[PDB]
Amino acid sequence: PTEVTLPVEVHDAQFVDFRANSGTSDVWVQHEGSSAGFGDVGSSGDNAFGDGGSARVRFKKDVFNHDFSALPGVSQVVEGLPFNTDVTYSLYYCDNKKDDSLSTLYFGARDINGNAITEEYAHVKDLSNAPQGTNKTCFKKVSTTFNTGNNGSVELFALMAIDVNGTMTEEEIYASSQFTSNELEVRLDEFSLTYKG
């Protein structure tokens, strides 16, 4: 035999339609509630490899009822994964807020009952040498590998956690340039699922 790398299709994986439709999507589920304080999800023209846009996740700098423990971002129920297979879930993650970034990417897969199959965290401080986009090089590849077991269909998520390992206060976050200037934002593009066959 010879090993090959095979895809499982993620729909609108480059946010082409998401961008064209200004955040509206029947495949991407936004985790958001901007004016209620649970973060904002929308499209950005920035992208990793020149296609579509990206999902921009932020807490708006002109909104002052944020719950910075909220986990805004996107999810998608993806079908057609092979059973009993180590699948690599990747996306490209653009955080421009440097090693001090208050954002951590929280990404993974859940099963049909909402149970975590895999959970992974990624912070830009650890991504300086990761594979990158050819267009916006801030997009860095992040990956998590998990066995599908009996889960041919999974919910992929990619959410943003603020100050996930610290105890900054709400006031300290509001006073930070990462909020007042950058809206604590990150951008997501270029989702993939691969496995070896």
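Heads up: residue numbers just count along the shown sequence, starting at 1.
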property	result
Of 87-95 and 110-118, the stretch whose C-alpha atoms average the higher B-factor in the entry	110-118
164-172 versus 37-45 - which carries the larger mean C-alpha B factor in the record	164-172
Options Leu184, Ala13, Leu188, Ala20 - largest CA temperature factor per the record	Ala20
Highest recorded Cα temperature factor - choice among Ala130, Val29, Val154, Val63	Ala130
Relative C-alpha B-factor of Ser192, binned into the chain's lowest, middle or highest third	lowest
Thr134, C-alpha B-factor rank within chain (lowest, middle or highest third)	middle
Lowest, middle or highest third - CA B-factor, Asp126	middle
Among modelled residues of the same chain, the CA temperature factor third for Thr180	middle
Relative C-alpha B-factor of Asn150, binned into the chain's lowest, middle or highest third	highest
